[PDB]
Structure formats: C-alpha cells, structure tokens
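Listed next as structure tokens is one chain, alone, in the form deposited in one PDB entry.
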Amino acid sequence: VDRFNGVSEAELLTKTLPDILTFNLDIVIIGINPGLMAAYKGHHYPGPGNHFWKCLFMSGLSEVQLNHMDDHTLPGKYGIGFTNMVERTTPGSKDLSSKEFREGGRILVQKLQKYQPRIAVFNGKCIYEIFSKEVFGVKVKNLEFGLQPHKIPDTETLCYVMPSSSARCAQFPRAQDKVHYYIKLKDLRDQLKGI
C-alpha cells in the first residue's frame, strides 16, 4: 500500500523536520520526533493520525481550523513556535532509543535557553519523563500532565505537559479527549498576559 505518493518509507526515515522558533513567543510546542507524514510534508502535525490542529481550534487557541501548511504563520499571528526532542524520523516513539532521547533533552534545554518562550509545551508525557529526570533530577513515578513545579534553568520558562497529539494513544481516543489540556494551556497563557 502507498501512503506517501510514490516516496519510499526508507527515504522518509533519512529526513528531518525544521524548527519554527523565534524570540518573544508565548508557547513552543515540543514534539517527540517527526512521524513519516511530517518528514514527508516538511511541516508540523499533518494528518491523518494526529489531533494537534483539531485541538488547537476546538480549544480556541486558533480562531479557524488551521492545518500543517500554516505552522510558519503561528509565531507571528499566535505567538506559537515548534520543535521536537529527537531529530530522527520513525513511525512511532517506541522505535527511538534511550540515548537519542537523552541527547535530545540536552539540545532541547540549550534551544529553550536561547529563545526562552513563556511556556515550554511538552506534547507527550514520555518526553517530559526523560527531560525532567535528566534536567531537574526528579522522580518519574508520580508525574502528571499540566503545569510542572520547575522552570527551564536560567530562564522564566514554564513547563506544561500534554498527552501526545498522536492518535496511536488509546487512553485519549479522540481530539475531544485531549482538548482539556489545550484549554488549560490557553488559560495559563491568558493569565501570564493578564499578570
């Protein structure tokens, strides 16, 4: 079956997804790594199998239904940027090693200390579990979604964790089951501008 218009999966696995980063951003969405479609398109969260653009609209973070082609307009119009913990493309997170994640978390903390957005948004618990242990030296055991009790070191950057936008996750089967975190993220951002 052909899902990538004649492009082999082995070619996509060698491709990367660029960062959409700048200064004065309210939010930076940090993914785990690119999926095969993101590597294919060269844009963040294209469908099918991803809830991100649906949740972004349902929560009120965007005024209309946006898509992956709109990712570069997000810093200027919305104050939202994009990065990932791991550079390498795989079909799923389970194809990544501990070594890649730990190297990723180090480069991620450097990137965050340069751009210093108001909120570092972890789109996936697994990446915050690895990051928090490596950076803050905390226990992974009772880790929760939402606002974290630690800031990115040397910055005023907050850490906010969300269930991955991937539709592989059966615990939050629909975009509607994830929207709560997007709404609480919209509220946290609104509170920062208010205060």
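For clarity, a rigid core is taken as the largest C-alpha set superposing within 1.5 Å between two forms. In case it trips you up, residue 1 is the first one in the sequence shown, and so on.
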property	result
Segment of higher mean CA temperature factor, 132-140 or 61-69	132-140
Segment of higher mean CA temperature factor, 90-98 or 115-123	90-98
Residue, from 43, 168, 51, 151, that the PDB entry assigns the highest Cα B-factor	151
From 183, 175, 21, 10, residue of greatest CA B-factor	10
Within-chain third of residue 164 by Cα B-factor, per the entry	lowest
Position of residue 107 among the chain's modelled residues by C-alpha B-factor, lowest, middle or highest third	highest
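The form deposited in another entry exists for this protein as well; it is not shown, and the discussion that follows is about that form.
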| property | result |
| --- | --- |
| Single mover in 135, 58, 167, 158, with Cα shift of 2 Å or more between the shown form and the other one when the core is superposed | 135 |
| Yes/no, residue 94 Cα shift of 2 Å or more between the shown form and the other one with rigid core fixed | yes |
| Residue pair residue 92, residue 66 - Cα distance in the other form, closer or farther (3 Å or more) | farther |
| Sense of the change in Cα distance from residue 68 to residue 92 in the other form - at least 3 Å versus the shown form | farther |
